[PDB]
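Input: a single structure, listed below in structure tokens.
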Ligand SMILES: *[C@@H]1O[C@H](CO)[C@@H](O[C@@H]2O[C@H](CO)[C@@H](O[C@@H]3O[C@H](CO[C@H]4O[C@H](CO)[C@@H](O)[C@H](O[C@H]5O[C@H](CO)[C@@H](O)[C@H](O)[C@@H]5O)[C@@H]4O)[C@@H](O)[C@H](O[C@H]4O[C@H](CO)[C@@H](O)[C@H](O)[C@@H]4O[C@H]4O[C@H](CO)[C@@H](O)[C@H](O)[C@@H]4O)[C@@H]3O)[C@H](O)[C@H]2NC(C)=O)[C@H](O)[C@H]1NC(C)=O
Ligand SMILES: *[C@@H]1O[C@H](CO)[C@@H](O[C@@H]2O[C@H](CO)[C@@H](O[C@@H]3O[C@H](CO[C@H]4O[C@H](CO)[C@@H](O)[C@H](O)[C@@H]4O)[C@@H](O)[C@H](O[C@H]4O[C@H](CO)[C@@H](O)[C@H](O)[C@@H]4O)[C@@H]3O)[C@H](O)[C@H]2NC(C)=O)[C@H](O)[C@H]1NC(C)=O
Ligand SMILES: *[C@@H]1O[C@H](CO)[C@@H](O[C@@H]2O[C@H](CO)[C@@H](O)[C@H](O)[C@H]2NC(C)=O)[C@H](O)[C@H]1NC(C)=O
Ligand SMILES: *[C@@H]1O[C@H](CO)[C@@H](O)[C@H](O)[C@H]1NC(C)=O
Ligand SMILES: *[C@@H]1O[C@H](CO)[C@@H](O)[C@H](O)[C@H]1NC(C)=O
Ligand SMILES: *[C@@H]1O[C@H](CO)[C@@H](O)[C@H](O)[C@H]1NC(C)=O
Ligand SMILES: *[C@@H]1O[C@H](CO)[C@@H](O)[C@H](O)[C@H]1NC(C)=O
Ligand SMILES: *[C@@H]1O[C@H](CO)[C@@H](O)[C@H](O)[C@H]1NC(C)=O
Ligand SMILES: *[C@@H]1O[C@H](CO)[C@@H](O)[C@H](O)[C@H]1NC(C)=O
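Protein chains in written order, with my numbering: chain A, 110 to 450; chain B, 169 to 398; chain C, 3 to 215.
This is the structure:
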């Protein structure tokens, strides 16, 4: 009745018309309202093959968030390959809202409902929907924030675990709150995040046990990022329109897997000059706004990179990636694929 | 016009380091990773590392070079860089940079493809302790041990010069038929050396003068060696 | 990891024949991670085939690739004169390291031709400087495989010689090899017989070119 196909999608959102928040402003003209009667039909005895890493829905969402960021966060100075653009840079309200991705006529979206589905291969419990769930376009590195959780066990996602040049997406089944704050007042860009070290090390031990199931019970070792921009060597994210940069060596402490029960406090910094995650160059913004800048986020996933050359070695090394924001949408679009009727 | 321009050739002492730049032009620099590959004399290409220029600028290096090689990228100036430290004699090669989709984007008509399609012009890195030295030309004289049925072989030994290259001609260019100028081999002394030979009729050994003309532009040395039967 | 093997070392065909080059993958990679390259001296490597069987724009249609995942083949339908070069396969994505294969040299077919072997004693001008170089010339031979053995008073020399081969001549499709045996003036004056033993497909018996100091 159907076959796999690629086509242009459209977005739907619950963006209010009079909101000044910039995800709303963009979605009011780039998306339609949400269907109040979502219809999901379960396919009896149907097996479909999914591939979250070769999914065109991710390319289309990436092109949306790029468009959404060009309209919203225009920097004072843009530096993109020998073109200096000086511009106005007004502070904005920036809180991501969920974006639904819907399919046009003649096509439909197949959703995978296997609780243990890792992202590739067959899916036993498939249903048919017209739109995806509400996916917030949260742009971050190292830690996936504010996403969905796995329904049963922790899920390790990768196009090929044997290929060390492929990103690993860890999908947690228990959220760990991260509470970041720029205190109100010597250094206006000094900030910090707070994580329950008891809840985090308990989850971090579980992801190492899950990685051991994929690497012949070898010793799992974590190490900090080996190089690159500060956007990838640090937990990078944006809060209240301010670009944060947090050091996460305390978050991947191998010895904690015992003074580990306390509160982990990551030293952060707000930077005006950033490397755009679009990969297009440098961008300078205005100094941070006054007052307490605070964001409380759910840690729902970890982006990892594995060091190769562990053939005869009895251990595996893992480092936090990675500056490919298309992996962020894959962490939510993995169970979806578009087919033509 | 898609193009990549590298910095010029360099000569470095053993133990020193070298940094090579790679400037992109004619395409969108953020859209492609950049690899570094070298080719040494008489050896296949060796992949040194790649730079994820569009995904944070991180780099992955070859295991045999980790700790010695370093790569990075600047997007605003569309330049990739490579630095190799503790240079040894084995590091003498032509170093190349190349762009690659590396499966990051589904480019139209090609998919999530992998392939270094555009390469820089190459940078010659010569690791040696020697300084600019002119060649000493020695004769390869023809004789009974150099004759075989009407034809005779003679030549010149262009030994102990640095650096490359030397150009060798015979009789000011009037003699080309039968000439074989061999590629120079970097001796253990750090100085290059090659031979240029030519086959001529044995009857002409007593009537025709054979002079090899050696020019070494780096040292500004020009030698004309008359080769006589021994 | 992945270990790449290419066979044969030298593939010898006439201009116009079909060429088939083998590239073996030890552990076997994804078909999207096997590329082919052409290399001519003085030029950067040229991407001919990406993803096992695809051609980038500007690559002639006679170049064709195929592979199962662990065994790969590059096909040249009709060999043009500019196609005689070295061809490497590469692990383009399934690394790292993104290893290149050892390479296969495609040279021009020819009837077997034995080398003209010449030996050159060291000059007196060089002998006065303290070094002695004995040159042995293998002239105009085919195929490329040639074995040169230096013997000083019937003693097999090993690590004191260097070989240099010219590119295949475009007219007669032959090769030329030079072998230089370097010795100090002291060691040279101690020994009498200096020989050059050549082994080639065109010679029924190994030819020895020798002289006495
Ligand atoms: C978030 O995800 C994590 C994973 O990343 C979850 O933690 C996992 O939870 C699963 C269960 O949902 C555990 O899997 C089970 O493991 C059983 C054996 O484990 C024992 O050995 C391992 C080491 O080899 C120890 O680590 C375990 O001990 C620890 O955990 C247990 C509880 O899990 C504690 O009690 C201990 O104190 C330790 O803390 C154990 O000693 C394994 O038997 C079981 O498999 C059976 O059941 C499953 C379904 O659950 C069946 O599919 C399967 O076929 C098996 O059924 C067989 O046996 C039953 C009877 O036993 C028969 O009826 C059947 O016919 C059949 O013969 C399962 O694999 C996993 O170990 C655990 N991992 C970690 C690191 O904690 C979190 O719970 C999850 N959190 C949330 C909130 O969702
Ligand atoms: C992961 O997801 C969580 C939950 O979605 C996010 O948490 C949200 O964080 C944002 C800030 O980034 C919070 O937004 C803040 O709301 C405050 C409350 O405003 C409401 O209520 C007041 C009265 O109490 C009304 O007057 C007002 O109209 C609203 O109804 C605002 O006061 C904050 O704005 C302040 O600062 C901004 C600029 O920084 C100024 O423009 C404002 O004038 C004001 O001074 C702010 O908008 C939001 O409340 C949080 N959600 C929840 C449910 O608590 C995480 O941020 C998110 N993580 C990431 C990384 O995206
Ligand atoms: C995700 O799960 C699928 C199975 O649901 C795994 O696919 C298997 O892959 C191996 C090769 O590694 C094949 O031999 C099996 O036949 C596949 N199982 C099937 C098709 O049911 C896949 O490897 C898993 N990937 C990860 C990253 O865990
Ligand atoms: C199948 O998927 C549906 C929708 O997510 C879910 O409600 C149901 O429990 C699943 N059933 C099985 C047997 O997996
Ligand atoms: C955080 O995760 C919990 C479940 O652990 C969920 O109930 C809550 O809605 C999540 N909050 C956000 C902002 O996503
Ligand atoms: C976050 O931390 C601040 C103090 O740094 C605290 O006042 C606030 O209540 C915390 N919020 C949560 C949700 O824990
Ligand atoms: C992160 O902090 C640790 C100490 O907590 C420090 O050693 C490391 O250099 C820091 N990393 C960066 C990128 O600053
Ligand atoms: C790791 O934790 C131990 C205590 O469990 C602490 O002493 C050490 O400083 C921590 N190291 C880092 C890098 O956070
Ligand atoms: C994963 O990569 C390894 C080599 O890098 C390869 O042997 C294997 O076939 C790959 N697996 C898949 C499913 O592509």
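All residues carry an ideal CB built from backbone N, CA and C; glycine is no exception.
Can we count residue i as close to ligand 7, meaning its CB is less than 7 Å from some heavy atom?
i: residue 363 (chain A); result: no
Determine whether the beta carbon atoms of residue i and residue j lie at a separation below 8 Å.
i: residue 30 (chain C); j: residue 54 (chain C); result: no
i: residue 308 (chain B); j: residue 150 (chain C); result: no
i: residue 88 (chain C); j: residue 41 (chain C); result: yes
i: residue 413 (chain A); j: residue 250 (chain A); result: no
i: residue 410 (chain A); j: residue 313 (chain A); result: no
i: residue 175 (chain A); j: residue 391 (chain A); result: no
i: residue 202 (chain B); j: residue 221 (chain B); result: yes
i: residue 305 (chain B); j: residue 383 (chain B); result: no
i: residue 268 (chain B); j: residue 284 (chain B); result: yes
i: residue 320 (chain B); j: residue 139 (chain C); result: no
i: residue 163 (chain A); j: residue 280 (chain B); result: yes
i: residue 243 (chain A); j: residue 224 (chain B); result: no
i: residue 363 (chain A); j: residue 324 (chain A); result: no
i: residue 25 (chain C); j: residue 103 (chain C); result: yes
i: residue 187 (chain C); j: residue 133 (chain C); result: yes
i: residue 168 (chain C); j: residue 350 (chain B); result: yes
i: residue 333 (chain A); j: residue 428 (chain A); result: yes
i: residue 323 (chain B); j: residue 365 (chain B); result: yes
i: residue 289 (chain A); j: residue 209 (chain A); result: no
i: residue 76 (chain C); j: residue 67 (chain C); result: yes
i: residue 139 (chain A); j: residue 206 (chain A); result: no
What do you reckon, is the C-beta of residue i under 7 Å from a heavy atom of ligand 8?
i: residue 358 (chain A); result: yes
Could you tell me the distance, in whole angstroms, from the CA atom of residue i to the CA atom of residue j?
i: residue 368 (chain B); j: residue 343 (chain B); result: 10 Å
i: residue 33 (chain C); j: residue 162 (chain C); result: 45 Å
i: residue 226 (chain A); j: residue 232 (chain A); result: 7 Å
i: residue 230 (chain A); j: residue 223 (chain A); result: 11 Å
i: residue 330 (chain B); j: residue 171 (chain C); result: 28 Å
i: residue 28 (chain C); j: residue 418 (chain A); result: 16 Å
i: residue 357 (chain B); j: residue 204 (chain B); result: 29 Å
i: residue 260 (chain A); j: residue 214 (chain A); result: 31 Å
i: residue 248 (chain B); j: residue 242 (chain B); result: 6 Å
i: residue 184 (chain A); j: residue 294 (chain B); result: 45 Å
i: residue 217 (chain A); j: residue 136 (chain A); result: 22 Å
i: residue 353 (chain A); j: residue 253 (chain B); result: 34 Å
Is residue i a contact residue of ligand 4, with contact defined as CB to any heavy atom under 7 Å?
i: residue 52 (chain A); result: Summary: the structure shown does not reach residue 52 (chain A), with chain A confined to residues 110 through 450, and so no result is reported for it.
i: residue 242 (chain A); result: no
i: residue 154 (chain A); result: no
i: residue 225 (chain A); result: no
Beta carbon of residue i: closer than 7 Å to some heavy atom of ligand 2?
i: residue 258 (chain B); result: no
i: residue 254 (chain A); result: yes
i: residue 204 (chain A); result: yes
Please indicate yes or no: does the CB of residue i lie closer than 7 Å to some heavy atom of ligand 1?
i: residue 263 (chain A); result: yes
i: residue 318 (chain A); result: yes
i: residue 424 (chain A); result: no
i: residue 282 (chain A); result: yes
Would the C-beta of residue i count as close to ligand 6, meaning under 7 Å from any of its heavy atoms?
i: residue 288 (chain A); result: yes
i: residue 303 (chain A); result: yes
When every heavy atom of ligand 5 is checked, does at least one fall within less than 7 Å of the C-beta of residue i?
i: residue 101 (chain A); result: As displayed, chain A neither begins before 110 nor continues past 450, which places residue 101 (chain A) out of reach and without an answer.
Self-check item: Nearest-residue set for ligand 3, Cβ under 5 Å from any heavy atom
Solution: Output, sorted by chain position: A:227, A:230 and A:267.
Self-check item: Unbroken stretches of the beta strand (DSSP E), 3 residues or longer, contained in the stretch 317-372 of chain A
Solution: Listed in chain order, they are 328-331, 344-348 and 351-355.
Quiz item: Whole beta strand (DSSP E) runs in the stretch 260-300 of chain B with 3 or more residues, listed along the chain?
Solution: The stretch 260-300 of chain B contains these whole beta strand (DSSP E) runs: 261-268, 284-287 and 291-295.
Exercise. Please go through the stretch 284-312 of chain A and give each complete beta strand (DSSP E) segment of 3 or more residues, from N-terminal end onward.
Key: Taking 3 residues as the shortest admissible run, the stretch 284-312 of chain A contains the following complete beta strand (DSSP E) segments, listed from N- to C-terminal end: 299-305.
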